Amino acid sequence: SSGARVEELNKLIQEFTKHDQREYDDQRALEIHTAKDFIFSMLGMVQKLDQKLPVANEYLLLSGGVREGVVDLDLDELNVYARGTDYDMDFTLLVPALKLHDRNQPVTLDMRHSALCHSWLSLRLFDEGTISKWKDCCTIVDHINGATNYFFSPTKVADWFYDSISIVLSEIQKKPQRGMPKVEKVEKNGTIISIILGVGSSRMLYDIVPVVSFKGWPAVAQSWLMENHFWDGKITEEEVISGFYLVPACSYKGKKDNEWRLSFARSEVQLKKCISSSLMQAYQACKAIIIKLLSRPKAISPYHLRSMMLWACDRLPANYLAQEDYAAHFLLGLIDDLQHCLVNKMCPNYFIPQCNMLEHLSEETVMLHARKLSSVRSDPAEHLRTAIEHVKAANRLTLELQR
C-alpha cells in the first residue's frame, strides 16, 4: 500500500529532523555569542583602520554558511568545509559596505550590461568624499567625451575587505592571547572571506560577505508587490519589503569585476516565520539528499531548492501545507519540482520570476543531474536513510571534540 510508503518517509523525515535541528546548551550558547562578539568587534576595528565602512552599520547574521545555500551566491569554485571536521556551527554575515536609499536606485543601478537579477553600481553621482573614499575599489572608466564613471567593483572590494581583516587580525596575534578566540583559518574564497574561530569546546565558521545595502524594494521586482502571497496577513508587509541587497556575484555572462547580484536575504528571514514546519522539514531533508550527488560539475545550489520551496508556498493553499502528516508528500513534491526545473533548464527566481537561475547550466550537465535524480525519485527513503547517517556522523564528530 502506498500509504505504508508515505508513513516510512514521514518516519525518516521526522528522524532526520531530530538530528538536523540544532539545540545548544548554556555552554555552547555562550561559546557562539563570544565568537560573534569577536567578529563584530573585528569589523569595528576594520572600520577604524580605513574610514571606508559606514560608522552606523547594520549586519545580517544567518544561521547557515554560504555553502549551505542561504544566500544567492555562486557556490562553484568554493572550497568545501565539512561539518564536524572543520567547523561545528556555521554562519554567514552580510556586511554592508554602502548604504543607499530608494531614491538612489534609477541613478546608481546601471543594468545596461547586466542580465536579470544583476546590475552594476555607479558611484558617479555621489559626493566627492565618497568617490575619493572608494576610488581604489572601483573600476574607473574614462571617456573621450562625457563624465568619467566609477563602477563599484565586487572584486576590488573583496580584496580590500580581506586585506583589512588580515591586518586587524594580525595585530591581535602580536598581543598576548588571553580571552581571544583562536582563529583557526582565514581565507579569501572568491568574494567571500571565511573565518573559523575556536571558542572553548566548539568551532565557529563565519562566511563574511561584503554587501551593498539598499533601502526599499527593487524596481525590477515591482510585480512581486502586485499579488497576494502566502505571508499576506501573517506578517506585516513593511518588514518584508523594506530593503534589499547587492551580493558580490555575477551572472555567467556579466563582468566579474563590475557585476553584483540582487539578494533578498532579509525578505526570506521574515518569510521563514510564515513557512510551515512540515514543508521546512521536507526542505531540509531534500537538501541533504540532492546537494551531495548534484554538485559536480555545475552544482544546483540549495538556494535553487529554497526558491522552489518558496514557490510552493504561494501555488499551494495553507490547508495542505498545514497538516504535519503530509511531510512525505512535501518531500516528493520538491523532488518533482527539482525534476521539472532540470528538464526544462528553468528555475525562476521567487522575487524576480523572469530570471532563470539555471541559464548558466549546459545541456549536458543538466541532463546528467536529471538521470541522477530519477534514481533518487525511485527510492527516496533510501537516499534519506543515508543522509541521516551523514548527519549522525557529523553530530558525533562535533561531540567528540566537545567532549
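Numbers follow the displayed sequence, beginning with 1.
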Look over 199-207 and 110-118 in the entry and identify the one with the greater average Cα temperature factor.
199-207
Mean C-alpha temperature factor, higher of 256-264 and 72-80:
72-80
Looking at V95, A147, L100, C138, which has the highest CA B-factor as recorded?
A147
What third of the chain does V220 rank in for C-alpha temperature factor, lowest, middle or highest?
lowest
According to the PDB entry, is the CA B factor of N356 in the bottom, middle or top third of its chain, that is, lowest, middle or highest?
lowest
Consider only the C-alpha atoms of the modelled residues in this chain, order them by B-factor as the entry records it, and name the third containing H304: lowest, middle or highest.
lowest
Give the position of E238 by CA B-factor within its chain, expressed as the lowest, middle or highest third.
middle
Lowest, middle or highest third: where is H329 by C-alpha B factor in its chain?
middle
